[PDB]
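# give me coordinates for this.
(4 chains, ligands or ions: 8)
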Protein chains: 4
Amino acid sequence: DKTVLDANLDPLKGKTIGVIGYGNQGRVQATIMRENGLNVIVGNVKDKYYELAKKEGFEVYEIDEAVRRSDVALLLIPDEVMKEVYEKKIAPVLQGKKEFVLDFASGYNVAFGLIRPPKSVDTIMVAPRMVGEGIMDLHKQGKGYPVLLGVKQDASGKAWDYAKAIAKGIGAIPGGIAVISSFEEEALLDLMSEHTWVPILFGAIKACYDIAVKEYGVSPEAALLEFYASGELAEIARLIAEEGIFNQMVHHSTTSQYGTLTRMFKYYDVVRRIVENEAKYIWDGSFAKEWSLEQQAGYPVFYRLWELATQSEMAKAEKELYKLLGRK
Amino acid sequence: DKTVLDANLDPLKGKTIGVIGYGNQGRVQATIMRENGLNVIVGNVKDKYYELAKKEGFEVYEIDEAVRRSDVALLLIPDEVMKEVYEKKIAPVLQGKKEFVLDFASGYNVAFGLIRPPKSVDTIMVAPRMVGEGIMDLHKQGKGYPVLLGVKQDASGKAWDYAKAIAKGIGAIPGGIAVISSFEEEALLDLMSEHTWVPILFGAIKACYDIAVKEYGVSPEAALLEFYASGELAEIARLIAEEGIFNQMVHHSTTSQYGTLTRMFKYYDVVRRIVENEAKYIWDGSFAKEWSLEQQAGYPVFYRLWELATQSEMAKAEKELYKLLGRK
Amino acid sequence: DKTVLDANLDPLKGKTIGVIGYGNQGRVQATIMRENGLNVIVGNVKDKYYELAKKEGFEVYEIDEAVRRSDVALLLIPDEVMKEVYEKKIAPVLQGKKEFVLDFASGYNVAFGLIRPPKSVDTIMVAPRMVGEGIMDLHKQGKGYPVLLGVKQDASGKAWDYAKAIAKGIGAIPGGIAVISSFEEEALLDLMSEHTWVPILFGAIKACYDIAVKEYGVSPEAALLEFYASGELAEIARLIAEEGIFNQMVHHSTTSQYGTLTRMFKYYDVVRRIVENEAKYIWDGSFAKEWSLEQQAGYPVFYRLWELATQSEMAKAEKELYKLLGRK
Amino acid sequence: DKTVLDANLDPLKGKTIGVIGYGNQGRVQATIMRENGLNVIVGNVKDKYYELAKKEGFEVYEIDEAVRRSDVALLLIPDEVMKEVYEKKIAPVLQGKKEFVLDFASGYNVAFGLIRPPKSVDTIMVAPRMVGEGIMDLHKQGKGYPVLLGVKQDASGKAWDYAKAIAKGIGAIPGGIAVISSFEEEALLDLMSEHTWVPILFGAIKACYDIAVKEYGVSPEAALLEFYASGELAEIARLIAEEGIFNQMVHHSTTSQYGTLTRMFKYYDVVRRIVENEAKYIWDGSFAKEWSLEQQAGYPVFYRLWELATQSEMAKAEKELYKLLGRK
Ligand SMILES: [Mg+2]
Ligand SMILES: [Mg+2]
Ligand SMILES: [Mg+2]
Ligand SMILES: [Mg+2]
Ligand SMILES: [Mg+2]
Ligand SMILES: [Mg+2]
Ligand SMILES: [Mg+2]
Ligand SMILES: [Mg+2]
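Numbering: from 1, shown residues only, chains lettered A, B, ... in the order given. Ligands and ions are numbered 1, 2, ... in the order given. Below you will find the coordinate block:
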């Protein structure tokens, strides 16, 4: 298939590697790939993480310097600040290179052209599908985990080899898998979730609360229990991740199965339309524009919506309640 | 408020109590309330659970006999079979009673008139909001848990007292809480979830998969990882149950927050309409009719939909994958 | 291709075979497969057909007994009564079996779950496409005829072999063909005809009559002649079955060809919509529910519609006329 | 009620106060509150107003210095330039403070998060409802005037006291009143006027002119007289402010009253829809984004619309006319 389960580690042996950022991701990948016998350094600004990383036994330099000494670099920082960092500190040093490899964990800034490296550079991606805390939770067991691979620019005919070597170095395989894809697909996927079923779910819950309270005389303290204040949803999610999404429902009552299936097949087109609209809005590059402009304006809509959500009735009731149950 | 946190246990002391059914619920409530010093018996047909219950130290009789000996009874069996049991075995013995108390965990069959006990009987409800496994997980810690209370028929002016005494007996308070409500509200709530946001969520996920695969050239093995094959959703659910639904999003990236909030406020009316329609369909008693008739016909729609869901492309891909990851 | 033209008869030799029902189908298949050298018995209730079958040289037992003695059984009875018969008389005997084969001529009751045999049984289908009278009309000539094959449950890895052996035993091949399909496809097809073009045709004819009479001053005795009282339609149908549907029109006038083709391509979408709606209504299992419930209610709609059709003006005129022409 | 008519002046006595800006507002408030016995300084850049303020007897420093010396500050400058000034000159000095008070006359930049002061600061608002010229026109008479109060951040439990002390210091009470509200309400109100009835009025007038001229053969010189070139509207406005909006109409003819009332109740929903749309557009923070982005782009739409309005036919005719009447 398109799938990979283990591969070689030939190309990274003898080369120096630089990890930009020491947050959750960078810390994890760096620690692991050091355990796998690789000369590793760190590039970060002098702050909390700087002291932490030098404490854990890493030689720490400044970013631009870390790139000078390195033949391979991992740009593990938020997608909201990477642009300026790349423009000021990296791109110069990079114009003054010969054969370099640049790896990302997200394809947002590259899929949309906000970062356009030269042609003397191999541009790749290695994107996990885990929070990062669980990833150590799994490496201690010798387990692997899944990732996505992508190549944007091959100037060596060796990019895929580097990508698989990296996947092995951070301990995703063997034990997990590695799928080959594009920068575009990764961005599309990471965003379609955040735009389609998460907000839909939240809005449906909120609407159920509002309706029950204002049209059937229900007490808030009960609506909250039924809808989300119980750990009902987490159990469903676990059974989904373990047994399967549909086989999960065998553990429930026939009444529930019937209602769920009927109403699912009844409302499938409505949401399909929405998903089409949003995926198209993304594929074109409109959302990136929207978001960048909001940053340039000062995050007013963000602010107002954060306010409106927290000053809603449901949230106040939830506050009173969580206080009563002792939940912090 | 409408809320209760602890109460007396005066009325159940000296009286005999019968637990109909020894599934998850009955087993739990029976064991606990026996620990709290109450003369308890069991009424069940001779099967697996019969041997189990007599093994665990319970004197087991037959249902009708268990009702003759009892002054209080808990009808803890599925809502799909309770009707016949009540008609044949219970109602007769019950016509031959003087002062009786009948408790339910679900208000479906009573809210809709499928079970109409006499007026010489106090009819009440005590409905938890926990799977049942977690309930023992909490009693061992001396903790409580939430429940709903309701009264349909008071022939003694003491029903609420009995209900609170019961809530205490099974170990929901103190430690948890007890809300007072109707049979109608409990049914409405239990059903609105199964009809509004669960199926909507599932359909949205399925639509995202289909779209990504058939319009943007994505590989199935990646769509599944992004959407639900990762334990992403369970972590969200936990943070919701613990920190709150909206405060949960602070742990994510600003991009995600922005997209989520915007698209949530953008699609709130659409789902509100759906929720209105379904809640109205329930309040009237139409769904109960639908479901009863399907039972009488032989579950053809149920069958066909179970087939169509499992024979879908997403499910086959999920099967191949879970096999690859080792997940049973 | 997916097609079969002749096959072996290995598995049925040495085994006993029971034919449930002695109507048109059962009589035919039984007689033939006896001619092909197979030990055959009959299972039926004591009525007309019982005496007929014992007369024609068949040893006749009672149904349950016929199943005890048999290793293979053909359930050739109407789809409207098979359920009770299966529940009472067959299923018990069948729980007390080891290796059994159960064959149907229709997939209605199984495709929709109204009959769910165990897993120790091989469940198959062999469905002809002939009225039954014509089938003897063809066997006397050594000819075959078409059938459909399907397998729902294989517990022996030999089901298809049994199905082909059966197809040969009843004399459908060689001489005809045998197509492999599902229970679902057979039901879908048998029903889509009865729901799409038969009623459409009838309604169009009726509308033409009504229009001609009430808006253009035509006499009934003439409308009936043009539309269906002539043997015009039967000749068209024959030429269709023989020469082909479109090549059939070469024998008509150019005017007719032109009008037919134009108006056919002009009204294709309208009927396509209808066919979609009805096929979807079937695939889901809704029509089975509808029909079962009507049976349980007492056939009121059936009754009223039979009345309205026969008490229409067209029918009365047809009666007067057929009386005049001497047609009984 | 929510209303205030006079209050104490305890907290401002002994403290130094800095007035940022010496335009109309700053000049007025500063002069007055100096008359009321308060140590007052000014912070402004060296321009016309600088010389004016030092002339009128005020010790003038530079902005950042004025904040260092002050325990209370009034940020009386346009909402279009305050952001940069706050970011560069104020925020630093303010990080280096202990207990400070910051007052605004407009809630735009704060309601929408374009200015987010720290938590060691009390953030308040005191917003008048007068042009500023009339305010001196009223103080010379010992009169007061209305204002709105708001508090965004209380770090001292004394904010409201400071706000009322300020309201008194500038001479709004006693003599006028002081209403308590939010930053959000003030912005919402200031904007809803500028978006709902002002532009509607103007467009209606323009449409009346266009219609009369191009469909009924009227001369421009007459349409202008009827619609706005007469001082008709000002008298109506005065009678509104004095006698009331509806009681104002008693001074007109019954014909006018009838037409006005009928057509008012006839077109109330249409404009209600518009007002809803615009108020919602504001509450969310969309207009702030729109306006900020237009500034960043270079005011092209602003430019083009200013041109189109002044190059319209009505404006040219008005020019010819005002020239004829001698009106400059
Ligand atoms: Mg994601
Ligand atoms: Mg993300
Ligand atoms: Mg529930
Ligand atoms: Mg339920
Ligand atoms: Mg047919
Ligand atoms: Mg048929
Ligand atoms: Mg204004
Ligand atoms: Mg203004």
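
# so which residues on the stretch 101-250 of chain A come close to chain C?
Applying the criterion Cβ under 8 Å from any Cβ of the partner chain, no portion of the stretch 101-250 of chain A neighbours chain C. Where C-beta positions appear, they are placed from N, C-alpha and C, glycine not excepted.

# now the helices: where do they sit in the stretch 101-250 of chain A?
Applying DSSP state H, counting those that start in this stretch to the stretch 101-250 of chain A gives helices spanning A:108-111, A:133-139, A:159-169, A:183-215, A:220-224, A:232-243.

# which one of those helices lies nearest to ligand 7?
Nearest to ligand 7, of all the helices of the stretch 101-250 of chain A, is helix A:183-215, at 33.9 Å by Cβ to the ion.

# what does the stretch 151-300 of chain A put close to ligand 1?
A:190, A:193 (Cβ under 5 Å from the ion).

# just send the helices of the stretch 101-250 of chain A back as TSV, with mean neighbour count too.
Formatted as TSV, the entries for those read as follows, by neighbours: other Cβ atoms under 10 Å in any protein chain shown:
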stretch	mean neighbour count
helix A:108-111	22
helix A:133-139	16
helix A:159-169	22
helix A:183-215	22
helix A:220-224	22
helix A:232-243	19
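
# of all those helices, which one is nearest residue B:254?
Proximity to residue B:254, assessed across the helices of the stretch 101-250 of chain A by Cβ to Cβ, is greatest for helix A:183-215 (11.3 Å).

# picking that back up, now the helices of the stretch 101-250 of chain A in a markdown table, with distance to ligand 3?
Converted to a markdown table, the helices of the stretch 101-250 of chain A look like this (distance: least, Cβ to the ion, whole Å):
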| stretch | distance to ligand 3 |
| --- | --- |
| helix A:108-111 | 38 |
| helix A:133-139 | 28 |
| helix A:159-169 | 41 |
| helix A:183-215 | 11 |
| helix A:220-224 | 12 |
| helix A:232-243 | 6 |
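
# got JSON lines for these, with distance to residue B:246 too?
As requested, those are exported to JSON lines (distance: least, Cβ to Cβ, whole Å):
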{"stretch": "helix A:108-111", "distance to residue B:246": "24"}
{"stretch": "helix A:133-139", "distance to residue B:246": "22"}
{"stretch": "helix A:159-169", "distance to residue B:246": "36"}
{"stretch": "helix A:183-215", "distance to residue B:246": "9"}
{"stretch": "helix A:220-224", "distance to residue B:246": "13"}
{"stretch": "helix A:232-243", "distance to residue B:246": "15"}
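
# tell me which of these lies nearest to residue A:257.
Comparing the helices of the stretch 101-250 of chain A against residue A:257 with Cβ to Cβ, the closest turns out to be helix A:232-243 (13.1 Å).

# next, the angle helix B:183-215 makes with the helix or strand that comes right after the closest one.
Downstream of helix A:232-243, the first helix or strand assigned by DSSP states H and E is helix A:254-266. Here the directions of helix A:254-266 and helix B:183-215 differ by 40 degrees (axes from the mean of the first three to the mean of the last three Cα atoms, to 10 degrees).

# tell me if helix A:254-266 is near ligand 3.
No. Judged by Cβ under 5 Å from the ion, helix A:254-266 makes no contact with ligand 3; its nearest approach is 7.9 Å.

# got a list of contacts for that helix?
For helix A:254-266, contacts defined as Cβ atoms under 8 Å, 6 or more residues apart in numbering or on different chains pick out A:249, B:79-80, B:108, B:191, B:194-196, B:198-200, B:202-203, B:278, B:287, B:291, B:294, B:301-302, B:305-306, B:308-309, C:284.

# in the stretch 101-250 of chain A, what residue is nearest chain C?
Proximity of the stretch 101-250 of chain A to chain C (Cβ to the nearest Cβ) peaks at residue A:250, 16.5 Å away.

# measure that residue to residue A:311 for me?
According to Cβ to Cβ, to the nearest Å, residue A:250 and residue A:311 sit 42 Å apart.

# same thing with residue A:325?
As judged by Cβ to Cβ, residue A:325 and residue A:311 stand 22 Å apart.

# if I pick residue A:190, what's in contact with it?
By Cβ under 8 Å, 6+ apart, residue A:190 lies in contact with A:106, A:108, B:226.

# nearest to chain D, out of these: which one, please.
For those, the nearest to chain D is residue A:108 (21.4 Å; Cβ to the nearest Cβ).

# hang on, the earlier thing: in CSV, list the contacts of residue A:190 along with distance to residue A:255.
Formatted as CSV, these follow (distance: Cβ to Cβ, whole Å):
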residue, distance to residue A:255
A:106, 43
A:108, 44
B:226, 32
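
# using a markdown table, lay out these together with distance to chain D.
Shown next, in a markdown table, are those (distance: Cβ to the nearest Cβ, whole Å):
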| residue | distance to chain D |
| --- | --- |
| A:106 | 25 |
| A:108 | 21 |
| B:226 | 30 |
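
# quick check: next helix or strand after the helix or strand encompassing residue A:309?
Using DSSP H and E, residue A:309 maps to helix A:300-310. Downstream of helix A:300-310, the next assigned helix or strand under DSSP H and E is helix A:313-324.

# rewinding a little: tally of neighbours for the residue of the stretch 101-250 of chain A closest to chain C?
A count of neighbours around residue A:250, defined by other Cβ atoms under 10 Å in any protein chain shown, yields 11.

# now do it against residue B:306, distance only.
Distance of residue A:250 to residue B:306, computed by Cβ to Cβ: 10 Å.

# what's the local residue count around the spatially closest residue to residue A:249 that is not a sequence neighbour?
Distance criterion Cβ to Cβ, 6 or more residues apart in numbering or on different chains; nearest residue to residue A:249, sequence neighbours excluded, is residue A:257 at 5.2 Å. Look at residue A:257: counted by other Cβ under 10 Å, it has 17 neighbours.

# how far away is residue A:257 from residue B:306?
8 Å.

# now do the contacts for the residue of the stretch 151-300 of chain A found nearest ligand 7.
Nearest residue of the stretch 151-300 of chain A to ligand 7, counting by Cβ to the ion: residue A:300, 20.5 Å away. Residue A:300 makes contact with A:294, D:112, D:113, D:114, D:285, D:288, D:289, D:292, according to Cβ under 8 Å, 6+ apart.

# just the buried subset of those residues, please.
A:294, D:112, D:113, D:114, D:285, D:288, D:289, D:292 (16 or more other Cβ atoms under 10 Å in any protein chain shown).

# from these, pick the one nearest residue C:121.
Looking across the buried ones among the contacts of residue A:300 and measuring by Cβ to Cβ, the closest to residue C:121 is residue A:294, at 65.2 Å.

# quick check: the gap between the closest one and chain D.
As for residue A:294, its distance to chain D is 7 Å (criterion: Cβ to the nearest Cβ, to the nearest Å).

# is any part of the host helix or strand of that residue close to chain B?
Residue A:294 belongs to helix A:286-297 when assigned by DSSP H and E. Yes. Using Cβ under 8 Å from any Cβ, helix A:286-297 reaches chain B at A:287, A:291, A:294.

# ok, the residue lying farthest from the centre of chain A - contacts?
In chain A, residue A:217 marks the outermost C-alpha relative to the chain mean, sitting 41.3 Å out by Cα atoms, centre = their mean. Not one residue lies near residue A:217 by Cβ under 8 Å, 6+ apart.

# any figure for the gap between it and residue B:168?
In this view, residue A:217 and residue B:168 are 27 Å apart by Cβ to Cβ.

# next: residue A:187.
55 Å.

# repeat for residue A:225
Residue A:225 is 19 Å from residue B:168, where distance means Cβ to Cβ.

# over to residue A:320?
24 Å.

# contacts for the helix holding residue A:294, please.
Helix A:286-297 is contacted by residues A:80, A:108, A:112, A:114, A:191, A:281, A:300-302, B:255, B:258-259, D:288-289, D:292-293, D:296 when judged by Cβ under 8 Å, 6+ apart.

# give me that answer again for 6 Å
A:112, A:281, D:289, D:292, D:293 (Cβ atoms under 6 Å, 6 or more residues apart in numbering or on different chains).

# put together JSON lines for those residues, with distance to residue A:42 on each row.
Output for those, formatted as JSON lines (distance: Cβ to Cβ, whole Å):
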{"residue": "A:112", "distance to residue A:42": "28"}
{"residue": "A:281", "distance to residue A:42": "38"}
{"residue": "D:289", "distance to residue A:42": "38"}
{"residue": "D:292", "distance to residue A:42": "38"}
{"residue": "D:293", "distance to residue A:42": "39"}
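
# right, I'll leave it there.
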